[PDB]
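Here is run-v5.txt, consisting of compact mmCIF, C-alpha atoms and all ligand atoms:
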```
# COMPACT_ATOMS: atom_id res chain seq x y z
CA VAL A 256 0.00 0.00 0.00
CA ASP A 257 1.20 3.52 -0.84
CA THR A 258 2.07 5.31 2.40
CA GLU A 259 4.58 7.75 0.86
CA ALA A 260 3.56 11.34 0.18
CA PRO A 261 4.56 13.34 -2.91
CA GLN A 262 7.89 15.12 -2.79
CA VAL A 263 8.34 18.75 -3.81
CA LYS A 264 11.16 21.00 -4.98
CA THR A 265 10.72 24.78 -4.98
CA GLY A 266 13.39 27.42 -4.36
CA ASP A 267 14.13 30.85 -2.87
CA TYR A 268 11.84 33.24 -4.73
CA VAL A 269 12.32 36.99 -5.15
CA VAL A 270 9.53 39.22 -6.48
CA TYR A 271 9.28 42.98 -7.00
CA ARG A 272 6.47 45.46 -6.42
CA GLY A 273 4.74 46.41 -9.66
CA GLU A 274 6.27 43.45 -11.52
CA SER A 275 4.92 40.06 -12.62
CA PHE A 276 6.59 36.75 -11.76
CA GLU A 277 6.26 33.03 -12.31
CA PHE A 278 7.99 30.08 -10.67
CA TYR A 279 7.54 26.33 -11.06
CA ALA A 280 7.53 23.80 -8.25
CA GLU A 281 8.54 20.26 -9.25
CA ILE A 282 6.47 17.42 -7.78
CA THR A 283 6.88 13.65 -7.96
CA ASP A 284 5.18 10.66 -6.34
CA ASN A 285 6.24 7.03 -6.09
CA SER A 286 2.84 6.05 -7.49
CA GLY A 287 3.44 8.43 -10.40
CA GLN A 288 0.10 10.19 -10.00
CA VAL A 289 -0.76 13.43 -8.10
CA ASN A 290 -4.49 14.32 -7.84
CA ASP A 291 -4.31 17.78 -6.32
CA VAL A 292 -1.91 20.52 -5.40
CA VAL A 293 -2.70 23.44 -3.09
CA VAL A 294 -0.30 26.33 -2.37
CA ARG A 295 -1.23 27.61 1.06
CA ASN A 296 -0.37 29.18 4.37
CA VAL A 297 0.30 26.52 6.97
CA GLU A 298 -2.47 27.91 9.20
CA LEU A 299 -6.14 27.94 8.29
CA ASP A 300 -8.01 31.16 7.52
CA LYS A 301 -9.63 32.47 10.80
CA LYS A 302 -12.75 33.56 8.74
CA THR A 303 -13.38 30.13 7.11
CA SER A 304 -11.30 27.50 8.96
CA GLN A 305 -10.29 26.53 5.41
CA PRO A 306 -6.92 26.74 3.63
CA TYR A 307 -5.89 30.03 2.06
CA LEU A 308 -2.85 31.81 0.71
CA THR A 309 -1.63 35.25 1.64
CA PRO A 310 -0.47 37.74 0.41
CA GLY A 311 -3.43 37.64 -1.97
CA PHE A 312 -1.28 38.45 -5.00
CA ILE A 313 0.20 34.92 -5.02
CA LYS A 314 -1.65 32.68 -7.49
CA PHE A 315 -1.07 29.06 -8.46
CA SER A 316 -2.18 26.54 -11.08
CA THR A 317 -1.29 22.95 -11.98
CA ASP A 318 -2.06 21.34 -15.32
CA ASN A 319 -2.67 17.60 -15.78
CA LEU A 320 -3.99 16.92 -12.26
CA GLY A 321 -5.43 13.50 -11.45
CA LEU A 322 -3.93 11.59 -14.38
CA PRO A 323 -1.76 8.44 -14.32
CA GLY A 324 1.94 9.08 -14.73
CA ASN A 325 1.65 12.86 -14.33
CA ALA A 326 4.28 13.06 -11.52
CA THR A 327 7.21 10.69 -12.05
CA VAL A 328 10.88 11.34 -11.10
CA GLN A 329 11.62 11.24 -14.86
CA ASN A 330 8.82 13.74 -15.79
CA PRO A 331 7.78 15.73 -12.73
CA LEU A 332 4.48 17.47 -12.22
CA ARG A 333 4.91 21.25 -12.24
CA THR A 334 2.87 23.78 -10.25
CA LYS A 335 3.09 27.35 -11.47
CA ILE A 336 3.22 30.03 -8.73
CA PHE A 337 2.64 33.42 -10.35
CA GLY A 338 1.15 36.85 -10.02
CA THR A 339 1.79 40.57 -10.10
CA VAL A 340 2.97 42.32 -6.94
CA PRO A 341 0.84 45.31 -5.86
CA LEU A 342 2.59 48.68 -5.82
CA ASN A 343 1.79 49.08 -2.09
CA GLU A 344 2.62 45.50 -1.04
CA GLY A 345 4.41 45.12 2.29
CA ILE A 346 8.18 44.69 1.95
CA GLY A 347 9.44 41.54 3.66
CA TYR A 348 9.28 37.78 3.26
CA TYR A 349 6.95 34.83 3.81
CA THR A 350 7.30 31.06 4.01
CA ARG A 351 4.52 29.11 2.31
CA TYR A 352 3.79 25.52 1.37
CA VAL A 353 3.19 23.50 -1.79
CA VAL A 354 0.95 20.63 -0.72
CA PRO A 355 0.20 17.83 -3.22
CA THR A 356 -1.98 14.76 -2.71
CA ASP A 357 -1.25 11.49 -4.55
CA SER A 358 -3.74 8.91 -5.91
CA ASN A 359 -3.84 7.01 -2.57
CA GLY A 360 -4.84 9.86 -0.27
CA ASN A 361 -1.30 10.64 0.81
CA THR A 362 -0.71 14.39 1.35
CA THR A 363 2.68 16.00 1.75
CA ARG A 364 3.06 17.12 5.36
CA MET A 365 3.65 20.79 6.10
CA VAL A 366 6.61 21.03 8.49
CA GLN A 367 7.78 24.41 9.77
CA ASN A 368 11.54 23.86 9.72
CA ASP A 369 14.22 25.75 7.80
CA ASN A 370 15.65 22.45 6.58
CA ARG A 371 12.50 22.10 4.45
CA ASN A 372 13.08 25.44 2.65
CA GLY A 373 13.35 24.82 -1.07
CA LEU A 374 11.37 21.58 -0.79
CA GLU A 375 7.62 21.76 -0.09
CA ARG A 376 8.35 24.90 2.00
CA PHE A 377 9.49 28.01 0.14
CA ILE A 378 10.56 31.55 0.98
CA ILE A 379 9.15 34.40 -1.11
CA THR A 380 10.78 37.81 -0.64
CA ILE A 381 9.00 41.00 -1.76
CA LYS A 382 11.41 43.77 -2.77
CA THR A 383 10.92 47.35 -3.86
CA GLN A 384 10.62 47.95 -7.59
CA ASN A 385 13.94 49.77 -7.98
CA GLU A 386 15.78 46.56 -7.04
CA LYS A 387 14.76 45.00 -10.37
CA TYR A 388 16.49 47.63 -12.54
CA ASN A 389 19.99 49.11 -13.15
CA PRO A 390 19.41 52.47 -14.97
CA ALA A 391 21.70 53.13 -17.96
CA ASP A 392 23.51 56.42 -18.40
CA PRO A 393 21.86 58.72 -20.97
CA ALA A 394 23.44 60.57 -23.83
CA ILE A 395 25.04 63.70 -22.41
CA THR A 396 22.95 66.87 -22.36
CA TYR A 397 25.15 69.95 -22.79
CA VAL A 398 23.96 72.90 -20.74
CA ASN A 399 24.79 76.58 -20.45
CA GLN A 400 25.15 76.48 -16.65
CA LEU A 401 25.82 73.28 -14.70
CA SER A 402 24.46 74.94 -11.53
CA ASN A 403 21.14 76.00 -13.08
CA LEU A 404 19.60 73.92 -15.86
CA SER A 405 16.73 75.61 -17.65
CA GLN A 406 13.37 73.87 -17.95
CA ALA A 407 14.12 72.89 -21.55
CA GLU A 408 17.48 71.43 -20.50
CA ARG A 409 15.79 69.47 -17.67
CA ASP A 410 13.24 68.33 -20.33
CA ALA A 411 16.07 67.18 -22.66
CA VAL A 412 17.85 65.21 -19.93
CA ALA A 413 14.67 63.34 -19.03
CA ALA A 414 14.08 62.45 -22.68
CA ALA A 415 17.68 61.23 -22.96
CA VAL A 416 17.30 59.10 -19.84
CA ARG A 417 14.03 57.66 -21.25
CA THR A 418 15.73 56.88 -24.60
CA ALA A 419 18.60 55.12 -22.84
CA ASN A 420 16.23 53.11 -20.59
CA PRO A 421 13.46 51.44 -22.59
CA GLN A 422 13.45 48.58 -20.06
CA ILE A 423 12.24 50.63 -17.08
CA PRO A 424 8.44 50.88 -16.66
CA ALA A 425 6.68 53.42 -18.85
CA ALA A 426 5.00 54.67 -15.65
CA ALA A 427 8.37 55.31 -13.99
CA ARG A 428 8.93 59.05 -13.61
CA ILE A 429 12.15 60.86 -14.50
CA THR A 430 12.87 64.14 -12.71
CA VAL A 431 15.94 66.33 -13.20
CA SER A 432 17.29 68.76 -10.62
CA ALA A 433 18.87 72.16 -11.23
CA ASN A 434 22.36 70.64 -11.38
CA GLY A 435 21.39 67.75 -13.67
CA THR A 436 20.99 65.07 -11.00
CA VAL A 437 18.44 62.52 -12.25
CA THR A 438 15.86 60.82 -10.03
CA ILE A 439 13.93 57.83 -11.35
CA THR A 440 10.75 57.26 -9.32
CA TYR A 441 9.32 53.83 -10.02
CA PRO A 442 5.55 53.18 -9.89
CA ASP A 443 5.88 51.82 -6.33
CA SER A 444 7.57 55.14 -5.27
CA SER A 445 11.03 53.63 -4.72
CA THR A 446 13.80 55.54 -6.47
CA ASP A 447 17.11 55.30 -8.31
CA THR A 448 19.53 58.17 -9.01
CA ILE A 449 21.90 58.90 -11.89
CA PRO A 450 24.61 61.33 -10.71
CA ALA A 451 25.05 64.56 -12.65
CA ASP A 452 28.56 63.76 -13.91
CA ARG A 453 27.07 61.03 -16.14
CA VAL A 454 24.19 63.24 -17.32
CA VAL A 455 25.25 66.82 -18.08
CA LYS A 456 28.30 68.72 -19.31
CA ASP A 457 29.00 72.41 -19.92
CA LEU A 458 28.05 73.58 -23.47
CA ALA A 459 31.09 74.77 -25.48
CA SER A 460 30.79 77.47 -28.08
CA CA A 501 2.56 8.12 -2.91
CO CO A 502 30.55 78.82 -21.14
```
Just give me the structure as C-alpha cells.
Ligand SMILES: [Ca+2]
Ligand SMILES: [Co+2]
Amino acid sequence: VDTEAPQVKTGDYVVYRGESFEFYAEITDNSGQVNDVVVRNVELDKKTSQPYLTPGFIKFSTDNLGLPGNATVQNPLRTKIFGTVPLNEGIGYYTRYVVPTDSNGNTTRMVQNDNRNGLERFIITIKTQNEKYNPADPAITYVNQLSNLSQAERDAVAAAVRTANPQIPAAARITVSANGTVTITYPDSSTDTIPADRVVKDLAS
C-alpha cells in the first residue's frame, strides 16, 4: 500500500512590487500520480477555517492533475506560482507551502523547519521595484550652466534618460534637478539616481 507522500522541490523566490513573476515547483510521487496541489499558508483562515494563501497576489495553477503518470521522477508534475505584486505591497518575506496529494490519499506534510526550505516549503521575498532595474547612463545633455539647468534642459535630460532606458516601466517618472541630477521614481515610489557627472556637461561654443 502507498504510504509515501509526494515530494516537492521549490526554491528561494524573489519578487518585486509592480512586476509580474512566475515560478515552477517540481512534484513527484512514487505512485506516479498526483491528484491535487494546493499552495497555502500553513495555518487555516480564521474567517473560514479553510486553507488560504496570503499575500493575496500569489496565485497558483497545476495542469494535468489527477492523471496516471503525471508526476514521475523522470517527468515531474509542475505547479506554477505566479502573479503581479501590488505597488503598495508590504516589503518583507513569507514562508509558504506547496501541498500535493497522490492517488492514494497521501498528502505532503507541512513542516515548519528551515531544513525544508526549497522543498515543499518556500521563501518568497517581496522587494521594492527599484531593485529589479539598473538604470543606464543617458546621452550627455550639454547645458549653459551646470548649476542652473533651464526647464528645456531638464526636459532634454529626461528624454535622454528615457531613450537610454526602454526597459524601465513606462509609468516610472524621470525628474531632473537644477544641477542635472536625475531621479527615477518607479511606480511603487522607490527611487534610483543617476549622478550629474554622467548626465550633463558644460556647453562649449
Ligand atoms: Ca505516494
Ligand atoms: Co561657457
Within 7 Å of ligand CA 501 (chain A) (all atoms listed in the file), residues as a list in words:
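With all atoms listed in the file and a cut-off of 7 Å, ligand CA 501 (chain A) is contacted by residues 257, 258, 259, 260, 261, 284, 285, 286, 357, 359 and 361 of chain A.
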Which is closer to residue 408 in chain A than all the others in A:452, A:375, A:457, A:443, using only C-alpha atoms?
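Smallest separation from residue 408 in chain A among the options: A:457.
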Could you give me the residues within 9 Å of ligand CO 502 (chain A), counting all atoms listed in the file, as number ranges by chain?
A: 398-400, 457-460
Enter the distance from CA of residue 305 in chain A to CA of residue 356 in chain A, in Å, rounded to one decimal.
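Atom-to-atom, CA of residue 305 in chain A to CA of residue 356 in chain A, that is 16.5 Å.
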Pick the closest to residue 391 in chain A from A:447, A:344, A:369, A:281: which is it, counting only C-alpha atoms?
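Ranked by minimum distance to residue 391 in chain A, first place goes to A:447.
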Please identify all polymer residues within 10 Å of residue 366 in chain A, counting only C-alpha atoms, omitting same-chain residues fewer than 3 positions from it, and present them as a VMD selection string.
chain A and resid 297 352 363 369 to 372 375 to 376
At what distance in Å, to one decimal, does CA of residue 298 in chain A lie from CA of residue 313 in chain A?
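These atoms are spaced 16.1 Å apart.
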Between A:316, A:309, A:325, A:296, smallest distance to residue 367 in chain A by all atoms listed in the file belongs to A:296
